[PDB]
């Protein structure tokens, strides 16, 4: 099966207990730009609110934030970067009552407290130079 074409957009509806599962491979192929970006938008429109934004800078940091009323808010930085150049990853973003639980390759790495209710998310975009196998939302 061919990798998904990026930028990859997916209409979604998230509730507590939903899980976004993103499988792919990152490569060290960018200059001053992240190797993976994931944005959760409140409308099917790139100017809308971003409830959750994650980007990967291989060997440096995982960055998380929101974009509310056009403004990037408090940046949350991790220096634990489980993603590796050319190796497959399994990224899970689980919607809890108070936070997203961010999980990579079976490790719990961060709890991002909700800033916009996740019930307002309508579209996920996964982009940058990722070789993307699948993006799906499970309800349960």
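Positions refer to the first chain, counted from 1.
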property: Of 25-33 and 110-118, the stretch whose C-alpha atoms average the higher B-factor in the entry; result: 25-33
property: Average Cα temperature factor in the PDB entry - higher stretch of 11-19, 119-127; result: 11-19
property: Assigned third (lowest, middle, highest) for the C-alpha B factor of residue 77; result: middle
property: Ranked against its chain, the third holding the CA B-factor of residue 57; result: middle
property: Ranked C-alpha temperature factor of residue 89 among modelled chain residues, by third; result: middle
property: For residue 39, the third of its chain into which the C-alpha B factor falls; result: lowest
property: Position of residue 49 among the chain's modelled residues by C-alpha B-factor, lowest, middle or highest third; result: lowest
